[PDB]
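Given next are the chains, with one letter for each unit.
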Amino acid sequence: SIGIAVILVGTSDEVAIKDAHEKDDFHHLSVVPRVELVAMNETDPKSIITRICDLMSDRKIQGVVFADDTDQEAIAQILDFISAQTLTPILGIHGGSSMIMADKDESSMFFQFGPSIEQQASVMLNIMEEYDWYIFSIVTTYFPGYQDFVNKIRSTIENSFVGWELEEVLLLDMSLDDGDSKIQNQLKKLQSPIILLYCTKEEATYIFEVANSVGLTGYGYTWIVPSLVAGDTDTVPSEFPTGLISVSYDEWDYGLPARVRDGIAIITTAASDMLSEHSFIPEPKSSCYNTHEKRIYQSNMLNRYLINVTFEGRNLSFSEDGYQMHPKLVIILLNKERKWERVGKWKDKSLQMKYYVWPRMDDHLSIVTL
Amino acid sequence: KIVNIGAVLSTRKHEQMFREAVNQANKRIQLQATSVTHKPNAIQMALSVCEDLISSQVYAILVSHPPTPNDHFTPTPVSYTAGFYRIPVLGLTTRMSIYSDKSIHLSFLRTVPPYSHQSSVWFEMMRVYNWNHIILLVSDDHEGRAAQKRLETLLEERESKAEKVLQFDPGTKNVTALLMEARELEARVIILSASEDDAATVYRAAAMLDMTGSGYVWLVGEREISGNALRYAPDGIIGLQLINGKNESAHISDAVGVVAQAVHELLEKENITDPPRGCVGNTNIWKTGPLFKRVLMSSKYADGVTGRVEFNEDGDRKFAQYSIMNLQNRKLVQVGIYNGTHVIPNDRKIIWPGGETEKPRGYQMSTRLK
Amino acid sequence: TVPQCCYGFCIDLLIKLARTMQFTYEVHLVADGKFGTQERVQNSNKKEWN
Ligand SMILES: *[C@@H]1O[C@H](CO)[C@@H](O)[C@H](O)[C@H]1NC(C)=O
């Protein structure tokens, strides 16, 4: 008897969640779980904390599956703080909870769905070596994990036979006052036909407006951006130049009713696995106030059993930082008008694009030989 | 117009002192005083602080440590809650190096310097006594890593690499094997930056191995010279101290002064908008605080009880005062001061460990090679 | 690890050099058996020799 709660923010098909809760086979595992669904708005951190406290005090909740619809990022940090304070684990399946955080402390029970910065950096180079763009430059601002991105990018390209000639790096800071002139002067140093960017949505919009003022965004330069710049597919800032390439999680074929079942299955299978061998189960009085003395029963073993699970012929083996190790990504391109289209999806490290030659969007010639 | 600030203290008498200080500063656009107490849990702290954030729509928050010894988690709720709104926060008695990280804590300022500057002032002793070869041991923690990195970065200019860097796991009870390796080495200067508990473990093991005889030098810091370490502590240890570290009234008497100069230059510049008082209501970011941080950090303060206070581009106080603190015959006596960038002697004479009265070379020539 | 005795152009040069400077020595061969280059370990930023 383990209680699991699910929290939704914003509009969602509530009846679909109820129908899909009992959608898998959970008979041969002694979990007998109960599903509790509660809906609330995005009022504030205080409301979220109060709701979580009330729920965990109400009926024997040992874990929370959290959903969200807004694109805010600090909600992940707040949830990580809560998970650090109380030993119960929580899961982020969609929304702002899917954003990757800087560095979870050594005592946090918190996991997210979605690739990290390093895997997206790796795929940005797998995309490059297929349409033969061997010349590129990188520009980025101050964001958590910015050093890891450039470090991995530089490490990958210096241990291969193919020749990547990296033309200068830019780590400009846009938070300075009256530094816009300096930023505009520095942006003129870019010469490679391929540009890599790592910035927040508003930072990306400001930088793109500045670049369009300079004019190096019209015909021959192509930009590649990470997942977090998009955030919401529908909300097009209208400042993004045509031809932008981005990598995003496959939300088109993987909506939400399946994610709830997948998240519940992780907890159920982990609890079943840790119960049988160890003949124990963490069932403390999950108090809300005066929780410093409630840390008597260590749940670190449950954490060790949370990082290696599988079900229905799928791999969900996590890592030390708390992310997939095996996500399912897609590649999206912004066409002539403001809209996003699927170009190619790759699984198990095998790139598969639906195009063979990049559509150009005259001094481009053809050569025949023998 | 009317502008109000906020603060949280750990004593009702301290609250009255803060009220008296703000009443005195009113003679220098009228200010206000808001203060609350501390709770033994972080979630209640966050709930109260955003509840009290709604109370008066504060512009700056002052935080102080409680009588608890560790208090490592006490500043965390306020920092997270304030950074959720990008509201700058000034700290008074926080010394852990975690809060110096600009990534997790975007808005945070320090009234006292961190331990990294202690590691930096360790350099002047070597500079003035011609000690070029040292052995340093630090614990496996985020605290030690920053100090080691800063020390080796500072020593990079001198092009004098330390011979050995060795570490031990935190919270251990046996370090005999590790101390064995350093005994074989050829350096006689030991610098340790560990926790208070680990200070007792290392000091006990050093005595057994005859490690603290003649011809040895120990350079320690604030944490391992206080506490229960003096129960088992050899003579001749050279420590460190701060002139006005523990006088919370001295800081407060001028902490409100430096912020008062900043608001004068901000209230009449442009586009001033009060940060929202809607704890529950608004979830956006206040426009005021990206520019407020820039002006505040560069606000030079002419003169104060602790001298000139000028902030670098790190949110940490610069030009602190250190007293080279010495122990002889089971009591501590001052022997010098750290004048900003250099040191001067004093009337008293330092007695080195082992009873010898000289300046040990810190070197023992070896006559066997490999 | 079994004791062995070595001799050659380098060994007797060391003997003559050692007698001048009044020091002793205890030679031992390398374990891996390579001259040494830089390598990337465990796919990390740091690099170490062999
Ligand atoms: C510190 O040393 C300098 C020497 O450059 C001296 O002028 C000054 O008076 C000393 N004391 C202080 C407080 O600066």
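So, how was this worked out
Residues numbered from 1 in each chain as written, not as in the entry; some residues may be left out. Chains lettered and ligands numbered in written order. Part of a larger assembly, values for the part shown. Heavy atoms only, no water. Residues with missing side-chain atoms left out of burial classes, pairs and counts. Contact = heavy atoms within 4.5 Å. Helix = DSSP H or I, 4+ residues; strand = E, 2+ residues; numbered from the N terminus. Nonpolar A, V, L, I, M, F, W, Y, C, P; charged D, E, K, R; others polar. Axes fitted to C-alpha atoms, helices over the stretch in contact; angles between N-to-C directions. Parallel < 35°, antiparallel > 145°, perpendicular 65-115°, else oblique. Left-handed = near helix turned anticlockwise from the far one by under 90°. Pairing = 2+ DSSP bridges. Salt bridge = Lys/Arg side-chain N within 4 Å of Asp/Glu carboxyl O.

As documented in the archive entry, the model was determined using cryo-EM at 3.69 Å resolution.

Caption draft 1: Expanded view of the interface of chain B and chain A. With 14 residues of chain B in contact, the opposing surface of chain A contributes 15 residues. Broken down by secondary-structure element, the contributors of at least two residues to the side of chain B that touches chain A are helix 2 (42-56) and helix 3 (75-83) of chain B. Its residues placed into classes, the side of chain B that touches chain A shows nine nonpolar, five polar and no charged.

Caption draft 2: Here's a closer look at the packing of helix 2 of chain B against helix 3 of chain B. All names here are of chain B. Their axes nearest at 8 Å, the elements helix 2 and helix 3 cross at an angle of 40 degrees. With respect to helix 3, the axis of helix 2 lies oblique. Helix 3 is crossed by helix 2, and the crossing has right-handed handedness. Across from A42, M45, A46, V49 and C50 in helix 2, the residues of helix 3 making contact are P77, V78 and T81.

Caption draft 3: Region of the structure containing the interface of chain C and chain B. Taken together, the four residues of chain C in the interface contact four residues of chain B. Where strand 16 (residues 368-369) of chain B and strand 1 (residues 24-25) of chain C come together, two bridges link them in parallel fashion. The partner of B:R368 across the bridge, within strand 1 of chain C, is C:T24.

Caption draft 4: Representation of the pattern of salt bridges. The partner of A:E118 in a salt bridge is A:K152, and the shortest N-O contact between them spans 3.6 Å. Linking A:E118 in helix 4 (residues 117-128) with A:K152 in helix 5 (residues 146-157), this pair joins segments that are 34 residues apart in sequence. A salt bridge links B:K164 to B:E181; the shortest N-O distance between them is 3.0 Å. Within this pair, whereas B:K164 is found in strand 6 (residues 164-168), its partner B:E181 is found in helix 6 (residues 176-184), the two being separated by 17 residues in sequence.

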